[PDB]
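>
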Amino acid sequence: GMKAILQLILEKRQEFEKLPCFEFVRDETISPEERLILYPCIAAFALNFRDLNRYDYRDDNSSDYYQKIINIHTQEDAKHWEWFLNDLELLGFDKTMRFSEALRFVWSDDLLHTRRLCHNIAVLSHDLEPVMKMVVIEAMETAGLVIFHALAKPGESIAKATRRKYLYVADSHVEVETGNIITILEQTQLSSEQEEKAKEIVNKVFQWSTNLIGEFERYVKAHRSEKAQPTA
Amino acid sequence: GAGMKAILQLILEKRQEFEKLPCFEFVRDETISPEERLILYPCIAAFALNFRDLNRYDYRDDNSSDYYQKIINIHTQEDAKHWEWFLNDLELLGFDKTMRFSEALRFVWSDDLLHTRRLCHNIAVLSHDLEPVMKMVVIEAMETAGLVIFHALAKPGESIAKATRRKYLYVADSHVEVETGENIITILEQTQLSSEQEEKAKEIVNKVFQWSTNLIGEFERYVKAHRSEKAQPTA
Ligand SMILES: N[C@@H](Cc1ccccc1)C(=O)O
Ligand SMILES: N[C@@H](Cc1ccccc1)C(=O)O
Ligand SMILES: [Fe+2]
Ligand SMILES: [Fe+2]
Ligand code: NI
Ligand code: NI
Ligand code: NI
Ligand code: NI
Ligand code: NI
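First to last, the sequence lines map onto chains B and A. Residues 0 to 178, 185 to 237 in PDB author numbering are what the first sequence spells out, letter by letter. Residues -2 to 178, 184 to 237 in PDB author numbering are what the second sequence spells out, letter by letter.
As C-alpha cells, then:
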C-alpha cells in the first residue's frame, strides 16, 4: 500500500523530469546566463517555502513521534531562502526598482501557480495526520530534487566560470536536501483510507509543481533578453 | 434567527473592541501630522495583494449555481479591484521608493509583518470546507474589521488629499463607501443557522477578529519603530 504510494511518486518524478522547462535548463548549447532567465521567478516561491516550513509543517506544540521528525527536517529546509537571495545578487538579478514593480512581479498573474504552490500545500496539509504530512513532504522534496538537479547545472557552470560560491542553484543545496530521513519511514503500513488520500497528495503536489514549471517556461519565452549578468 | 441574531451581535461586539485599539487612536489623532499617522502605509503591501488573491481564487467560485455563492461572486468582482488603489496611494504618499528587489522581498516576508502577510492565508484555510452561507459569515466579519480599518485610515488620507489637491483612492472615503456597498451580504440576515452552523460561525467571528487584531498590533509596533519617519506626499 505504501509500496504503491512510493512507486506512484517515482512514476510522477519520471514524467516531471521530462517537462520542456527542464530540457531547456539542461541544454548545454544555450549559455547558462540565458537558462537562468527564470531565476527571479523563484522569489514568488523561495520565501513562501520558508514560511511553509516555519508555520505550516512545523508544530512545536505536538508530542507525536512523526511530527517531531517533521519538526526536525523543517528546521533545515526553512534556512535555504537566504541562499536564494545570495544567488539572486550573484546572478545580477538583485536589480534596484520601485517597491511597486517588486510587488507587481511577485503578484504577477504569470506567477500565480508559483506564488500559490506553498499556499496549496498548506491547505492540503492543515488537516493531515503527521504520517500523511510526511507523504506531502516526501513528494514535494522529490519534485524539488528534480528542479534543483536541473538548475544546479547552469548554476555550477556560472559558479566555476566566475569563481563565486553559489548556494541555491548549486550541488551543495541538492546534496543537503537529500543528506532519520522521512523516506526511511517506508516501514509504515497505510490503512485503505490513507492510500486513497496519499494518491490525492502525490497527484496534487506533482500537478501544482507542473503548473509552477509551466509558468517558468512561459517567463523564459516572454523575457528571452533578460539573461543573468554575473561578474568575474 | 436567534442563532443568526447572536452571530451578528458577536460581530458588533468584536467591532466595538477592535475600533478601540491603540493603532486607531494614533491614526485618528489630529494633533499628529497625517504624514506621521500614515507611516504604517507600506505595511499594507503584505496584505492588499493577498486580499485580491483571496477574493479571486478562494472566495469566488464562478461555476456555482448556489444562491449564496452567486452573491459572494458578485461582491468579489468589485472588492478584488482595490489593490490598484493601494498602489496609487503608495506612490502619492512618497512610499513607492527605489530599492533592491531583495529589500522589497525582505520587507514583504518580514517577521514583523507575519500576521499581516498570513491574514488572507488564515481566512482561505478557515474557508476551505465552508458551505456558501458560512463563507458569507467569514466575509461579513472580515469586512466589518476592514470598514473599521479604512474608516480610520481615510481621516489622515482625506487630510493629505485635500491639502495636496491629489485624489487618494485607498485611504479615502470613496473606498469605505463603495466597500460598504445587488444584495449586501448582511441583508442575508433572512437566513437561519442550525446549532452546528451557529458553533462554526462563533469560531469564524472569533478567529477573523483575532487575526485582524494581530495584523493591527504589527502596524502599531511598525509605527513605534518609524515615528521619526513620515509619508512624503508631493503637492
Ligand atoms: N529546496 C527548495 C524548496 C523546494 C521543495 C520542493 C520543490 C521546490 C522547492 C528551497 O530551498 O527553496
Ligand atoms: N478593503 C481592503 C481589504 C480588506 C477587507 C477586509 C478587512 C481588511 C481589509 C482592500 O481594498 O485592500
Ligand atoms: Fe532547499
Ligand atoms: Fe477594499
Ligand atoms: Ni531533510
Ligand atoms: Ni480544515
Ligand atoms: Ni515581465
Ligand atoms: Ni460588496
Ligand atoms: Ni524601517
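Idealized CB from N, CA, C, for every residue including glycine.
Regarding A:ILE136 and ligand 5, is the C-beta to nearest heavy atom distance less than 7 Å?
no
> For B:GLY154, which of B:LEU18, B:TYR38, B:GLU14, B:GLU140 has the nearest alpha-carbon?
B:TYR38
> Assuming the contact rule is C-beta atoms closer than 8 Å, A:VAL122 and B:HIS125 should be a hit. Round their C-beta distance to whole Å, please.
5 Å
> Determine contact between the stretch 87 to 100 of chain B and the stretch 18 to 30 of chain B, defined as no fewer than three beta-carbon pairs at a distance below 8 Å.
By the Cβ test, the stretch 87 to 100 of chain B is not in contact with the stretch 18 to 30 of chain B, since fewer than three Cβ pairs between them sit closer than 8 Å.
> With a threshold of 8 Å between beta carbons, is A:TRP106 in contact with chain B?
Yes, A:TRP106 counts as interfacial toward chain B.
> Which residue comes first and which comes last in the alpha helix (DSSP H) that contains A:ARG34?
31 to 34
> Leaving out five residues on either side along the sequence, give the residues of the same chain with a beta carbon under 8 Å from the beta carbon of B:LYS204.
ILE4, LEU7
> Please report the straight-line C-alpha distance between A:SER107 and A:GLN192, rounded to a whole angstrom.
Between A:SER107 and A:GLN192, the C-alpha separation is close to 43 Å.
> In chain order, what residues of the same chain lie with their CB nearer than 8 Å to the CB of A:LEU51, ignoring the 5 residues before and after it?
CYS117, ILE120, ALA121
> List, in order along the chain, the chain B residues whose C-beta lies closer than 8 Å to that of A:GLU220?
Per Cβ cutoff of 8 Å: no residues; A:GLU220 is ~15 Å from chain B at best.
> Tell me the DSSP secondary structure of B:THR188 in three-state form.
coil
> How about B:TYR167 and B:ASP86: are their beta carbons less than 8 Å apart?
yes
> Give me, in chain order, the residues of the same chain whose beta-carbon lies closer than 6 Å to that of A:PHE21; leave out the 5 immediate sequence neighbours on both sides.
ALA149
> Helix, strand or coil: how does DSSP classify B:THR28 here?
coil
> Using only alpha-carbon positions, find the residue among B:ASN47, B:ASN216, B:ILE187 that is nearest to B:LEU18.
B:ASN216
> When the distance is taken between beta carbons, is A:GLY(-2) closer than 8 Å to A:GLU200?
For A:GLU200 and A:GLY(-2), no; Cβs fall outside 8 Å.
> Could you tell me the distance, in whole angstroms, from the CA atom of A:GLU88 to the CA atom of A:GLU81?
11 Å
> Rounded to the nearest angstrom, what separates B:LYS232 and B:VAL105 at their Cα positions?
Roughly 19 Å between the two C-alpha positions.
> Starting from the C-beta of B:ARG53, find all residues in its chain whose C-beta is less than 6 Å away, skip the five residues before and the five after it, and write them out in chain order.
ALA77
> Using the beta-carbon count (16 or more within 10 Å), is A:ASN47 buried or exposed?
buried
> Is the closest heavy atom of ligand 4 to the C-beta of A:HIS79 under 7 Å?
Result yes, Cβ under 7 Å from ligand 4.
> What residue does the beta strand (DSSP E) around B:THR95 start on, and which one ends it?
Segment 95 to 97, the beta strand (DSSP E) holding B:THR95.
> Which residues of chain B have a Cβ atom closer than 8 Å to the Cβ of A:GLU198, listed in chain order?
Per Cβ cutoff of 8 Å: no residues; A:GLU198 is ~17 Å from chain B at best.
> Is there at least one non-hydrogen atom of ligand 4 closer than 7 Å to the beta-carbon of A:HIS172?
yes
> Compare the C-beta of B:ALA121 against all C-beta atoms of chain A and say whether one is closer than 8 Å.
B:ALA121 counts as touching chain A.
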